[PDB]
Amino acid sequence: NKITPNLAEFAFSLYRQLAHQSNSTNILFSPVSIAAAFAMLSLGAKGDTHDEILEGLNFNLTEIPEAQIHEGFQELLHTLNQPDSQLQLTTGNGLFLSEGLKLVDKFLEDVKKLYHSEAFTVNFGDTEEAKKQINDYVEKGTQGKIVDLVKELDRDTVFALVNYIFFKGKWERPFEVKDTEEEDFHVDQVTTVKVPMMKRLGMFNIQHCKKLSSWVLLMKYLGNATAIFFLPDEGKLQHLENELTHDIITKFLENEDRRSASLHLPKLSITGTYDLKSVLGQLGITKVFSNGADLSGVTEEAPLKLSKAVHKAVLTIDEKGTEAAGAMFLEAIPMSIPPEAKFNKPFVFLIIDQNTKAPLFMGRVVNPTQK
């Protein structure tokens, strides 16, 4: 089990970037979805463009040969897609290539082999049809969670890359709908609304960490998955965010001490949309997003470069479990206007696959959106 330790650090790194831009908006993204897409793309990149990408994903070529990295992803992806009898989890990569655009064989085979990618040739001259195919791919993979992902597509498009992840799990310790109650929340500084709050009194695998300055709760999903929640102490949100690390989570995953407690978890339906260019730029990956981008490993008759890279994720939480989807489109997609209002006691969460110890999703909940 390799590359998962890097994937984890990549998560926190990316999380911290989004976290220090605002502290009053909900956050949600899939490290796996983002890492798989850029890792696969690097196979067609060269020089700095290439090195910046793998390095920006928390990979150092001096510690692990590139061959093993692309290899670690191939196995990770194979393991994540292995059918689990108790939960649903799937990830897929798709390439939509322009008919008439000459490509590099080596690239087509590296992706299909290493990232189990699917290659589709489409006519981008028929923009409505090209979008439909892409959108049908994501909607099929996200089981209806994300439909009509791409609203507009450039006429001159010749290459498109999309990644999707889907997860649905049931709490081993579910809540009771009868115990859910409407509660007051300040939508703005001057008006409140009632939102559904789930409640349950019993034994929980809770604990408190000094280094993180917060309470840590573990919510197992039937299957090989788990959800860890972090409730920062007063004024210690920023502290939690910067202190989260792979090891810490490890020291907490090996604690079977459960105590009695009254859990209050709001019914949630959150989303997250981000143009990763600036954010990933902050991690060292900038060349591929510039004109000096070298992706001559994809095609030799087009000056490929990433102009935009939007990540979209949706997560629903209720009494019985969790359902979440994520998609990565390496092009333009509209941004949303998240509502900004902190209900004083925000929390961070991380959804993890016990089989590979990989972080499927990570977020921050400050607003009880029901969207």
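In this text, residue numbers run from 1 along the sequence as written.
*Got a sec? Mean C-alpha B-factor, which is higher, 355-363 or 8-16?*
That would be 355-363.
*If you average the Cα B factors in the entry, which is higher, 324-332 or 66-74?*
According to the entry, 66-74 carries the higher average C-alpha B-factor.
*Return the residue from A160, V122, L253, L114 that has the highest Cα B-factor in the entry.*
Highest C-alpha B-factor among the listed residues goes to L253.
*Among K178, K140, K194, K267, where is the Cα temperature factor highest, going by the PDB entry?*
The C-alpha B-factor peaks, among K178, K140, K194, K267, at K178.
*Among all modelled residues of this chain, ranked by Cα B factor, put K46 in the bottom, middle or top third, i.e. lowest, middle or highest.*
CA B-factor rank for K46: middle third.
*asked:* Quick check on the deposited entry: does the C-alpha B-factor of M219 sit in the lowest, middle or highest third of its chain?
replied: Ranked within chain, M219 CA B lands in the middle tercile.
*Sorting the chain's CA B-factors, does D105 end up in the lowest, middle or highest third?*
Its C-alpha B-factor, which the entry lists for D105, ranks in the middle third among residues of this chain.
*Ranked by Cα temperature factor within the chain, is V288 in the lowest third, the middle third or the highest third?*
Answer is middle: the recorded C-alpha B-factor places it there.
*Relative to the other modelled residues in the chain, which third contains the C-alpha temperature factor of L153: lowest, middle or highest?*
Its C-alpha B-factor, which the entry lists for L153, ranks in the highest third among residues of this chain.
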